[PDB]
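Presented below, as structure tokens, is a lone chain in the form deposited in one PDB entry.
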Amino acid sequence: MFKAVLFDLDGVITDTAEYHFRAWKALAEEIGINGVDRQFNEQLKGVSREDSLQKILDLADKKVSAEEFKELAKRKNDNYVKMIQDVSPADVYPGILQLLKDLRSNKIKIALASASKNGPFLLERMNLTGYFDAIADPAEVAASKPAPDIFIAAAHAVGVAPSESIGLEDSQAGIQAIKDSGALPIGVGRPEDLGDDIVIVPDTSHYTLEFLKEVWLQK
């Protein structure tokens, strides 16, 4: 059987998309840039903090120093961290808590493979820390997704090779990172975004222990 499951956070366990949006909108209002509405915010999902800020500045052809750029990015992050104080167990995606319970009762290892600097905090707020055997520290990896580094670290941290593991992801870059690690990917989303050479489910309610076992069998 597989010996471990390697979880992304955003888009698999939960999301904090409403909070990132309110933070960028508040920042744009403060500095007087029109146009940061829900539809525009779709261009910021999956994009780095610094690329997101540049896209906002480009709405007004605005030019800033390195020091001003750093301060704006810090203000947005400060507001984002204040707002995620209200994350709770209600924010866990459908199916995820049952999957965690079933993996733990079958002695299958569980690891977080997320780029979030707030990963341990968010798991504590959702009451999930007791299910996790390890959290890969994104500060200690050399390269981000689609590089495999974070998935290799997550598997190693629970004492397995990536070839013994399943990885769960909602992004094309994450799926590529899983493939290149040697783990088996199962995506959540649609093949237009994720590829059509991997198994995909439409939402997280479909991630059950029996479905993972069927996928591993067919491989």
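Start at 1 with the first residue shown and count on from there. Rigid core (definition): largest C-alpha set, two forms, superposition within 1.5 Å.
A second form of this protein, the form deposited in another entry, is not displayed here; the remarks below concern that form.
- Core-superposed comparison between this form and the one not shown: the C-alpha position of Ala173 differs by less than 2 Å.
- Core-superposed comparison between this form and the one not shown: the C-alpha position of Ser48 differs by no less than 2 Å.
- Once the rigid core is overlaid between this form and the one not shown, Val64 counts among the residues whose Cα shifts by 2 Å or more.
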